[PDB]
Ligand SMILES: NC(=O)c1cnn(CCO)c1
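Only one chain is given next, in structure tokens, and it is the form solved without the ligand.
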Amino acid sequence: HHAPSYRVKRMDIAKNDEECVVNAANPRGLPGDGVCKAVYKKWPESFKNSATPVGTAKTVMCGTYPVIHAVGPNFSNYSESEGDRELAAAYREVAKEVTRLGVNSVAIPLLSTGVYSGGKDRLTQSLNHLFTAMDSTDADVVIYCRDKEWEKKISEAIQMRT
């Protein structure tokens, strides 16, 4: 009867200690930048046939370790309305993959907050969708960020729900 938890860590997600990782992927399975680039530096072979549409997730196993490539929308290309739907869908596929894989924990970045943000602060939007999808899962979720003010805000958002 372990208590499923949410935690935040301010560090490179490629160094995670969880049972699987969510990559903030692009649709074509390219090395990309930011989080995707850091994931490519550690598990480049996880990009073998990882291309998948926006709003979906595709898991590639690296030995026993799952890399869940979750493709959020680029808000430079998507409208606020359609991008919101796609961002929800990506996270819903993450929850389904995490459940299917039977993992006890998962490392997850905030989708669509880096170069896909359209130059808007999307912390609250992305985190809200992350919770909406992951709340009904029982895996321990560890959210990764790099910015210290973002760490504070994510931590505050987690603490205030209980």
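Residue positions are given as counts along the sequence shown, with the first one as 1.
The same protein has a further form, the form solved in complex with the ligand, not shown here; the description that follows concerns it.
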Three-residue site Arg7, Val106 and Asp140 fully in contact with the ligand in the deposited bound form at 4.5 Å by heavy atom: no
Quick check on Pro53: any heavy atom within 4.5 Å of the ligand in the deposited bound form? no
Partner contact for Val35 in the deposited bound form: the ligand, 4.5 angstroms, heavy atom: yes
